[PDB]
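All remarks here apply to the structure that follows.
Bear in mind these aren't lab numbers, they're just calculated from the coordinates by the rules spelled out. In this analysis, Cβ positions are derived from the backbone assuming ideal geometry, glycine residues included, and neighbour counts consider all displayed protein chains.
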Amino acid sequence: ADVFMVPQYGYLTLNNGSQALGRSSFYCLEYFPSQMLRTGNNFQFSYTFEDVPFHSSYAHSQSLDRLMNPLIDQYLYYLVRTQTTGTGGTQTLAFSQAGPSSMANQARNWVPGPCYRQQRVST
Amino acid sequence: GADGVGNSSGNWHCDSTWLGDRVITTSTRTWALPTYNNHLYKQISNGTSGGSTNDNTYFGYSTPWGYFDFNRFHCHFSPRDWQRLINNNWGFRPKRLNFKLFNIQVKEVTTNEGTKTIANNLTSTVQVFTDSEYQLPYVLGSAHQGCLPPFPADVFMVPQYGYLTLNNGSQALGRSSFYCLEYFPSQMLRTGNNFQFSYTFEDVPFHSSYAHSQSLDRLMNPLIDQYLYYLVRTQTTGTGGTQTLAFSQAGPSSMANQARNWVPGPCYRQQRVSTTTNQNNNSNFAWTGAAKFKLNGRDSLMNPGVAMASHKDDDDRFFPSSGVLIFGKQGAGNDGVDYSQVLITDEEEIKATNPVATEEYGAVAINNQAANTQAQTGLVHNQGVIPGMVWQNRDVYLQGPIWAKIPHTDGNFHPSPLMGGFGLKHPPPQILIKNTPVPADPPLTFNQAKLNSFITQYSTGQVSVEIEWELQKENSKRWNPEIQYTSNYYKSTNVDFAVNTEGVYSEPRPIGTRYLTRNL
Amino acid sequence: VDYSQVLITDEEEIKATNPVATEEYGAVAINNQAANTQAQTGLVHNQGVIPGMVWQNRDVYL
Amino acid sequence: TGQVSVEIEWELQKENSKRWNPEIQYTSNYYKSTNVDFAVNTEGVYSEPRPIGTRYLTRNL
Amino acid sequence: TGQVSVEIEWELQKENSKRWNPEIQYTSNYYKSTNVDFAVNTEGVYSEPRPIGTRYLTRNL
Amino acid sequence: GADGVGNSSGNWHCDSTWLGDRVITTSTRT
Amino acid sequence: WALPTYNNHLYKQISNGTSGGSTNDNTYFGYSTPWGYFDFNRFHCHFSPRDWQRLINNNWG
Amino acid sequence: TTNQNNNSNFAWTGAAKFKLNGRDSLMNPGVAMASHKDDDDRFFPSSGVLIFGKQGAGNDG
Ligand SMILES: Nc1ncnc2c1ncn2[C@H]1C[C@H](O)[C@@H](COP(=O)(O)O)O1
Ligand SMILES: [Cl-]
Ligand SMILES: [Cl-]
Ligand code: NA
Ligand code: NA
């Protein structure tokens, strides 16, 4: 129902401060073949979107980390300890097969996406 | 007859055939299926509460179903075959496969007064079906045990299927999804009944069986000098110490200075650890030391990390704490096993194009040089991809993984499984099997309850996986003999990759893929 | 304008594959472990793309 | 002044999920209120009460 | 003992509404819980948490 | 053979399919 | 729609300077034209709230 | 300009580099980046641009 105002066109060019550079380009719309109308005159056209990937309307139901069966244990080992447990405190190499209980340790084929730190703020 | 009880419903095919590029592998093993979860879907969660940490929390379900996994190279390749493939090809990749289930036999076990007897239930059935539409959580590619045995003779147990869903602590979220296998059109079998299908691998890049014979840095002719200059000095030599700009053409002698078109691959710093006990610092830094990525407030270990050289030359003892695959020696214990039991793989072959795992990527200037201020530089421990980088993917081993399902995500980069292998969007479908519940006699008067009593039984049968691989022959004009995997002549009490005196096949070491050398 | 006027969108749906906005990506070792020297690790606040990553694009709204 | 017309053809991609339990979905709460969501108010001012996402349906990883 | 199979073909009648605002719809609440709605519990006992009606979509009189 | 003891005398169909108006339900229980 | 006359039928040079209160990061150089433009780049234009609902609640993309 | 630069031979120590196989090689000519922000024309990356000798120029120093 609402009736709206048409936005004004304007553009930006390379600038240093409040000055323009040699490169900066000035466009004149009138230098464009445009069609004219009088009432009882109409304009129209058609365009076809280049092929683009479907937007994802689906939210995952498995975390990237939790991609493996709980029941089974990986055939691969990880370094579980650099030092002997208890009083002795002498360096040793201990290896364990990542299991269901030790989920965090187990190896994965995929890792999380990229990130740029964003400052946190509370409502 | 077509399908009867006194009739082999399939044969044993265990052969490898080489013609031209195409090498065909065929394996057959004898499996046994136990009843799982008493024919019950069970909710399984690990809580925040109790000893367990927050990073090991999860929510999911354990199903009464078993699954067939062949995702390990040793299944389709004899050690001798792995040798032929590694020692003469610059690459290879899967093309198509063929699966078969047959000679299914279902046994019903009875126990009275400490007397146990196992006989046949012929009328009993076994359900099978393939997740051809990928509607079921993908188990495979998680390096889980339960794949066909390496040795053909061995008889193996079928892995139990179970999956994970979004969780907070020991709780599920609204999003988390519960799947019922029975809600899947599955085919049923009675002995003399057989199942089978075929799949064709989507096109994938040939794995690299070749190790570079030129470093990325050393890509230029020694004799010639570059037509380009570099800034060689900021200050006059000797006593004067007055700033000046001197430029030199990078030559053969000054190789490091000269400009290059390509730069090394990406790196995530990996803590270094030495096989020798004494060298290592006396702290349990296995976890605190190790690099990790934090997702959804939970820190998971970066295993096995991006592909990086295990060590710089002569640092053979060194390895990343989490940055390489590790394979247990046969008979090795699951928990807290000694170093001797484990086989730590080594990815040094790729050192030429990839960064060393334990060292910085390099250095970058931290500030603008000033008339008063001195130039500064900072180390790069974490380095992401940038234009001009080139790198090598992590190697696969005779007992490594083969493929992995690329997560259905909006985007990803160089989706080659980090544990090594071929990244497929539509990998070989998960094959699900289950013994059909056979109820114990019901009570005489109708009960609204669901039957909780069943005859105890398990099933057994042969399985056949046949895969057609496409090879990519070597074209090298290298004049000298190349390095190759061989078995040492010198005598020993046991033969490599054979059964021992007890009948226990054992894989003495991991076997890489890159022996043949190709130019950069 | 006051907070009440604004509608702050929420992209938590993608938390499963994407890093939390306010937290580090994770940690990397800063030095080689030594017989005398202790292992060290540093946080990753800025993390670029590397082989093996997967992620979700930002959502669109009505 | 004049009318303008934009017509767009969108291609959908149906759900294939075998999820057994009910999925989450955008709904308008039953509980009474003085104004209707996404309607004009007593003055004739359409208003968009909240942002509306796109991902409600769940798919596996 | 044996298996039984019932297959039924249902005929739908799509919605034609020109209602401008979002309609009410059956959804599963996001907020966390120890068990999932319409799933098996820790013991293997599927349970139907509530009755589920048929009328959510609204049509004129 | 057509009908024998060592032969599945039927399969498990538990699927739902939506095309146009027609929605097809299929259930199998033991 | 309604179209006002823009810039008195004039192309005008517009710049924001370093000088004065404005910072350096808000400096710019450009031009404002006597032309107007039609923009439909917002989802709500083509979708009724009810329609947005149907699309979100039943499609994976 | 000679005077502006700090009085040290930081040609190598200063410069960014990538370490491969235990050997540090200079990052020349680096990723593609702007040589200077406006009016910083005198400035250049120590190793971050191509350099061509004037004809008859000497190879060393
Ligand atoms: N193993 C494996 N599986 C799937 N996708 C892969 C694999 N290795 C590389 N890639 C990626 C890398 C590119 O994005 C693309 C092939 O392009 P190209 O120019 O040929 O590298 O596929
Ligand atoms: Cl083992
Ligand atoms: Cl010259
Ligand atoms: Na269990
Ligand atoms: Na103006």
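What about C:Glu12, is it closer than 22 Å to B:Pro266 by Cβ and of a type in the set (D, E, K, R)?
Working: closer than 22 Å to B:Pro266 by Cβ: no; of a type in the set (D, E, K, R): yes.
No, not satisfied.
Taking the stated definitions as given, is D:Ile24 within 7 Å of another protein chain (Cβ to nearest Cβ), farther than 17 Å from A:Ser61 by Cα, among the aliphatic types (A, V, I, L, M) and surrounded by 14 or more Cβ atoms within 10 Å (Cβ to Cβ)? Lay out the reasoning, then the answer.
On the way: within 7 Å of another protein chain (Cβ to nearest Cβ): yes; farther than 17 Å from A:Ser61 by Cα: no; among the aliphatic types (A, V, I, L, M): yes; surrounded by 14 or more Cβ atoms within 10 Å (Cβ to Cβ): yes.
Considered against the rule, which asks whether it is within 7 Å of another protein chain (Cβ to nearest Cβ), farther than 17 Å from A:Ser61 by Cα, among the aliphatic types (A, V, I, L, M) and surrounded by 14 or more Cβ atoms within 10 Å (Cβ to Cβ), D:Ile24 comes out as no.
Which is hydroxyl-bearing (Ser, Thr, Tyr) and outside any strand (DSSP E or B), of B:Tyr161, B:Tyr138?
On the way: B:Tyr161 fails: outside any strand (DSSP E or B).
Every option except B:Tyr138 fails the conditions.
Yes/no matrix, rows are residues, columns are (1) within 20 Å of B:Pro320 (Cβ to Cβ); (2) in contact with an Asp or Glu (Cβ under 8 Å, 6 or more places away or on another chain):
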| residue | (1), (2) |
| --- | --- |
| B:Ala352 | yes, no |
| B:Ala365 | no, no |
| B:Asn372 | no, no |
| B:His381 | yes, yes |
| B:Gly411 | no, no |
| B:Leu418 | yes, no |
| B:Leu424 | no, yes |
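Got a sec? Which of B:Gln330, B:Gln392 is farther than 24 Å from B:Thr517 by Cβ and more than 16 Å from ligand 5 (Cβ to nearest atom)? Spell out the reasoning first.
Numbers: B:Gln392 fails: farther than 24 Å from B:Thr517 by Cβ.
Every option except B:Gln330 fails the conditions.
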Test: B:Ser170 is facing another protein chain (nearest Cβ under 10 Å) and either more than 16 Å from ligand 2 (Cβ to nearest atom) or small (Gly, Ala, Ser) (or both): yes
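Can you tell which of A:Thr48, A:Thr92 is free of Cβ contacts under 8 Å to residues at least 12 places away in the same chain, more than 27 Å from B:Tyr61 (Cβ to Cβ), outside any loop (DSSP other than H, G, I, E, B) and not charged (D, E, K, R)? Outline the logic, then answer.
Details: A:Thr48 fails: outside any loop (DSSP other than H, G, I, E, B).
Criteria check complete, one pass: A:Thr92.
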Residues of region D:1-34 classified as closer than 19 Å to E:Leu57 by Cβ and either touching a residue at least 12 places away in the same chain (Cβ under 8 Å) or of a type in the set (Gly, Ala, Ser) (or both), total: 6
Test result for B:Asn278, over 23 Å from A:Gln97 (Cβ atoms), within 14 Å of chain C (Cβ to nearest Cβ) and out of contact with any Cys (no Cβ under 9 Å at 6 or more places or on another chain): yes
Test set (1) within 19 Å of B:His381 (Cα to Cα); (2) in a loop (DSSP other than H, G, I, E, B); (3) more than 7 Å from every other protein chain (Cβ to nearest Cβ) - B:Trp287 fails condition number: (2)
Members of region B:31-54 found to be surrounded by fewer than 19 Cβ atoms within 10 Å (Cβ to Cβ), away from chain E (no Cβ under 14 Å) and not β-branched (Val, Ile, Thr), listed by number: B:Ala32, B:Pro34, B:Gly50, B:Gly51, B:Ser52, B:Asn54
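Based on this model, can you work out whether B:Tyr134 counts as within 16 Å of ligand 1 (Cβ to nearest atom), farther than 30 Å from B:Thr353 by Cα and either among the hydrophobic types (A, V, I, L, M, F, W, C) or within 14 Å of chain A (Cβ to nearest Cβ) (or both)?
Numbers: within 16 Å of ligand 1 (Cβ to nearest atom): no; farther than 30 Å from B:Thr353 by Cα: yes; either among the hydrophobic types (A, V, I, L, M, F, W, C) or within 14 Å of chain A (Cβ to nearest Cβ) (or both): yes.
No: the conditions fail for B:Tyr134.
Identify, from the list H:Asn5, H:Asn28, the residue that is under 18 Å from B:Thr373 (Cβ atoms) and either in a loop (DSSP other than H, G, I, E, B) or within 16 Å of ligand 2 (Cβ to nearest atom) (or both).
H:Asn5
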Test: residue in region A:98-115 that is over 30 Å from B:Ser170 (Cβ atoms) and assigned to a loop (DSSP other than H, G, I, E, B): yes
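So in region B:46-63, with the set limited to residues that are within 16 Å of ligand 4 (Cβ to nearest atom) and within 26 Å of the chain's Cα centre (by Cα), which one is farthest from A:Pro100 (Cα to Cα)? If you could, list the steps in order and put the result at the bottom.
Going residue by residue through region B:46-63, those that are within 16 Å of ligand 4 (Cβ to nearest atom) are B:46-47, B:58-63.
With within 26 Å of the chain's Cα centre (by Cα) added as a condition, the list becomes B:46, B:58-63.
Working: B:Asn46: 10, B:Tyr58: 9, B:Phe59: 11, B:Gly60: 11, B:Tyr61: 13, B:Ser62: 12, B:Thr63: 15 Å.
Of everything passing the filter in region B:46-63, B:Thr63 is farthest from A:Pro100 (Cα to Cα).
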Residue list for chain F, filter: more than 9 Å from chain B (Cβ to nearest Cβ), closer than 30 Å to D:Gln13 by Cα and not polar (S, T, N, Q): F:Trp18, F:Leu19, F:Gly20, F:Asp21, F:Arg22, F:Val23, F:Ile24
Subset tally (residues that are away from ligand 1 (no atom under 16 Å from the Cβ) and free of Cβ contacts under 8 Å to residues at least 40 places away in the same chain) for region B:408-466: 15
Residues that are part of a loop (DSSP other than H, G, I, E, B), crowded, with 21+ Cβ neighbours inside 10 Å and more than 13 Å from the chain's Cα centre (by Cα), drawn from region H:13-25: H:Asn21
Test set (1) more than 16 Å from ligand 3 (Cβ to nearest atom); (2) closer than 29 Å to B:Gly240 by Cα; (3) in contact with a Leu (Cβ under 9 Å, 6 or more places away or on another chain) - H:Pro29 fails condition number: (2)
Test: residue in region B:361-373 that is at the interface with another protein chain (Cβ under 7 Å from one of its Cβ atoms), farther than 30 Å from H:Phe10 by Cα and more than 16 Å from ligand 5 (Cβ to nearest atom): no
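Report whether or not B:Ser176 is in contact with a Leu (Cβ under 7 Å, 6 or more places away or on another chain), more than 30 Å from D:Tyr26 (Cβ to Cβ), assigned to a loop (DSSP other than H, G, I, E, B) and away from ligand 1 (no atom under 16 Å from the Cβ). Step through it out loud before you land on a result.
Values: in contact with a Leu (Cβ under 7 Å, 6 or more places away or on another chain): yes; more than 30 Å from D:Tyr26 (Cβ to Cβ): no; assigned to a loop (DSSP other than H, G, I, E, B): yes; away from ligand 1 (no atom under 16 Å from the Cβ): yes.
It is false that B:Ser176 is in contact with a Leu (Cβ under 7 Å, 6 or more places away or on another chain), more than 30 Å from D:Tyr26 (Cβ to Cβ), assigned to a loop (DSSP other than H, G, I, E, B) and away from ligand 1 (no atom under 16 Å from the Cβ).
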Strands (runs of 3 or more DSSP E) contained in region B:317-430 and holding at least 2 residues within 16 Å of ligand 4 (Cβ to nearest atom) and buried (at least 17 other Cβ atoms within 10 Å of the Cβ): none
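Could you look through region B:108-131, keep only residues that are within 14 Å of chain F (Cβ to nearest Cβ) and within 38 Å of the chain's Cα centre (by Cα), and pick out the one that is farthest from B:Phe197 (Cα to Cα)?
So in region B:108-131, the residues within 14 Å of chain F (Cβ to nearest Cβ) come out as B:120-131.
From what is left, the residues that are within 38 Å of the chain's Cα centre (by Cα) are B:124-131.
Numbers: B:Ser124: 23, B:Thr125: 19, B:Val126: 17, B:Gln127: 15, B:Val128: 11, B:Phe129: 10, B:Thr130: 9, B:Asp131: 12 Å.
Within region B:108-131, the match that is farthest from B:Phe197 (Cα to Cα) is B:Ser124.
Name every residue in region A:79-89 that is within 7 Å of another protein chain (Cβ to nearest Cβ) and surrounded by fewer than 24 Cβ atoms within 10 Å (Cβ to Cβ), in order of residue number. Even if it seems obvious, please write down each step before you answer.
Step one: list which residues in region A:79-89 are within 7 Å of another protein chain (Cβ to nearest Cβ), which gives A:79-83, A:89.
Passing the criteria: A:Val80, A:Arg81, A:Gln83, A:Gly89.
Of the residues A:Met68, A:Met103, which single one is more than 9 Å from chain C (Cβ to nearest Cβ), touching a helix residue (DSSP H, G or I) at 6+ places or on another chain (Cβ under 9 Å) and within 27 Å of D:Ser17 (Cα to Cα)?
On the way: A:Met68 fails: touching a helix residue (DSSP H, G or I) at 6+ places or on another chain (Cβ under 9 Å).
Residue meeting the stated conditions: A:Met103.
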Filter result for B:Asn71 (on the phi < 0 side of the Ramachandran plot, more than 16 Å from ligand 5 (Cβ to nearest atom), surrounded by fewer than 20 Cβ atoms within 10 Å (Cβ to Cβ) and part of a loop (DSSP other than H, G, I, E, B)): no
